[PDB]
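What the coordinates show
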Amino acid sequence: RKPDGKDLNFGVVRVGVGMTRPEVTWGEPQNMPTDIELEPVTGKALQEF
Amino acid sequence: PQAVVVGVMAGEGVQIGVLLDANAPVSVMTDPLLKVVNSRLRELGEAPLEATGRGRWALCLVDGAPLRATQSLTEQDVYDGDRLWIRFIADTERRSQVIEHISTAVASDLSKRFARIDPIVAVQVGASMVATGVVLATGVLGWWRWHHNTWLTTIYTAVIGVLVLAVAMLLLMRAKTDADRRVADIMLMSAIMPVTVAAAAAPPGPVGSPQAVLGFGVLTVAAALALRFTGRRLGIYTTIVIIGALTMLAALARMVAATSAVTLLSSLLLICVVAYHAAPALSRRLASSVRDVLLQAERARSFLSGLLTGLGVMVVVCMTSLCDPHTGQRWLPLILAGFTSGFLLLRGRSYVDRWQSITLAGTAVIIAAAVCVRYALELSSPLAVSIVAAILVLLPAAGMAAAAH
């Protein structure tokens, strides 16, 4: 490890394991139907996903 | 008692004798021990041990199982003269994986834990079904002759034998891998059964003593001839040769002249008794330079396993035929069976191989059980069945108890 600015890991220490937010960036689905217009099968599929 | 000398296995196979501290905990030794084996490899001119990515160094038994890092060498059942292995065990830490929609999730996981049917297995199943078919065909053909011993049975069976054998011939010449050989072997094994009844079905007139002699002869010859040229499936072929040869002698005697079955049965029993004593000697005589030792060891073991098995079949068939609930002093053969069973039960402990030791042990128990059943079905009575049932259930329970307790 180096302190010279480009090394972002300096001063960071591992304490264990757990959850973290992935590097993915989700875009909201366009023209989403209103709650009464949603089909039941595809609704929970996209929601739990 | 302060130290113990043991062999340590290292990279690529070098065994080194070391004198270890008998009471320090094993985790304290693995670091300097690794240095020592590396230093010796360097002086020997070999390449040292090295790590690969993420992992750790551990000390294990020859079976690879690692020793508990905190326990003393004396706390574990490690004695002077034993051997251990130093090994690198890689890091298993990795992300967890989750699939939420259940239909996909069932398919994905279920497809990784089991094997789907494929063309290689399909062929073996086909071979297995045809073998099962012909043994049924010969069975029905062999049953017809008892009512009409005409030429039909032999004429019909002979052509099948030739045809199956002709197919097996092309398969044997073409085989390239062990999968191919298994297919061919199952086919060849099945060819012996039709040819046997085909020959035995040739002598005309009512079936009996004269027909039997040809069958067991050709059976013994066919089983023996296959082994000579094939060199595979030693156990199954060998067992047939023994039972065939012995029956040929017995059949010949009965056909020529024999006052009683007891006479022949007693003779066979004695022949097996002496054979049981000679068994290991027969196996020894029947069987880059290192390879020669490995081949001989399993071959000898194979022949012995079939030999012990075949004799077992003969004595159980003979003993169950010798004892009888109506003939004379009914108790005399029953006690003789007991003495015979004890010898086999006692001698079975002298064999280290599981199948050799287990088959011998099982042979004695089945003899006892068969006699109990014999004296129960015939000369039937409420007390007789009652008495036999109690004995037959407690007999094995006692054997299990002697080993379990």
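Residues numbered from 1 in each chain as written, not as in the entry; some residues may be left out. Chains lettered and ligands numbered in written order. Part of a larger assembly, values for the part shown. Heavy atoms only, no water.

The name the PDB entry assigns to chain B is ESX-5 secretion system protein EccD5, from the organism Mycobacterium tuberculosis. The deposited entry bears the title "Structure of an intact ESX-5 inner membrane complex, Composite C1 model". In UniProt, chain B has this text filed under Function: "Part of the ESX-5 specialized secretion system, which is responsible for the secretion of EsxN and a number of PE_PGRS and PPE proteins, including PPE41." For the record of chain B, the UniProt heading Sequence similarities holds the text "Belongs to the EccD/Snm4 family." (UniProt positions renumbered as here; feature names shortened; annotations may be inferred.)

Per the PDB entry, the recorded name for chain A is ESX-5 secretion system protein EccC5, and the organism is Mycobacterium tuberculosis.

Looking only at helices and strands, chain B has 12 helices and 4 strands in total. Referenced to the eigenvectors of the C-alpha coordinate spread, the extents of chain B come out at roughly 85 × 55 × 55 Å. When the accessible area of chain B is evaluated, it comes to approximately 26700 Å², of which 66% is carbon and sulfur surface. Placing the 32 positive and 24 negative side-chain charges of chain B at their respective mean positions leaves the two points 11 Å apart. (Helix = DSSP H or I, 4+ residues; strand = E, 2+ residues; numbered from the N terminus. Areas by Shrake-Rupley, 256 points an atom, 1.4 Å probe, with all protein chains shown as cover. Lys, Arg positive; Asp, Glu negative; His and termini not counted. Charge placed at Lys NZ, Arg CZ, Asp CG, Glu CD.)

What follows covers the overall build of chain A. In terms of regular secondary structure, chain A is built from 1 helix and 0 strands. A principal-axis box enclosing the C-alpha atoms of chain A has dimensions of 55 × 25 × 10 Å. For chain A, the exposed surface amounts to about 5600 Å²; the carbon and sulfur share of it is 56%. Charged side chains of chain A number 6 positive and 8 negative; the gap between the two group centres comes to 19 Å.

All right, on to the nonpolar core then. One finds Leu246, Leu268, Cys272, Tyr276, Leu308, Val315 and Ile367 of chain B to be the most contacted residues of the largest nonpolar core, which totals 27 residues. Ignoring anything within four residues of it in the chain, the contact list for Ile367 of chain B reads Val315, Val316, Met319, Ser341 and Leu344 of chain B. (Core = buried A, V, L, I, M, F, W, Y, C linked by side-chain atoms within 4.5 Å. Buried < 20%, exposed > 50% of the residue type's maximum accessible area, 1.4 Å probe, protein only. Contact = heavy atoms within 4.5 Å.)

This part takes up a nonpolar patch on the surface. Together, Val24, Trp26, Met32, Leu38, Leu46 and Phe49 of chain A line one region of the surface with nonpolar side chains, adding up to about 700 Å² of accessible area. Residue placement: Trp26 of chain A occurs in the segment before α1 (40-48). (Patch = residues over 30% accessible without salt bridge, like charges linked within 9 Å, V, L, I, M, F, W, Y side chains within 5 Å. Salt bridge = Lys/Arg side-chain N within 4 Å of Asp/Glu carboxyl O.)

Moving on, we get to the side chain of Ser341 of chain B. When you line up the elements, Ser341 of chain B lands in helix α10 (residues 331-347). Given the relative accessible area of 14%, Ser341 of chain B is considered buried.

All names here are of chain B. Enumeration over the complete set of coordinates arrives at 8 salt bridges over all chains. Here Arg113 ties to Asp109 by a salt bridge, and the two come within 2.8 Å at their closest N and O atoms. In this pair, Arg113 and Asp109 both sit in helix α2 (residues 102-113), 4 residues apart, roughly one turn of the helix. A relative accessible area of 54% means that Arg113 is categorised as exposed. With a relative accessible area of 39%, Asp109 lands in the partly exposed category. Of the charged contacts in the structure, one is a salt bridge between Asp178 and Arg181, with a shortest N-O distance of 2.7 Å.

Residue and element names in this part refer to chain B. The mixed open sheet is built from 4 strands, whose spatial order is β2-β1-β4-β3. Looking along the sheet, the strands with just one partner apiece sit at the ends: β2 (15-21) and β3 (55-61). Pairwise comparison of adjacent strand axes, ignoring direction, gives a mean angle of 35 degrees for this sheet. For strand β1 (residues 3-9) and β2, the ladder comprises 7 bridges, and the chain directions are antiparallel. (Pairing = 2+ DSSP bridges. Axes fitted to C-alpha atoms, helices over the stretch in contact; angles between N-to-C directions.)

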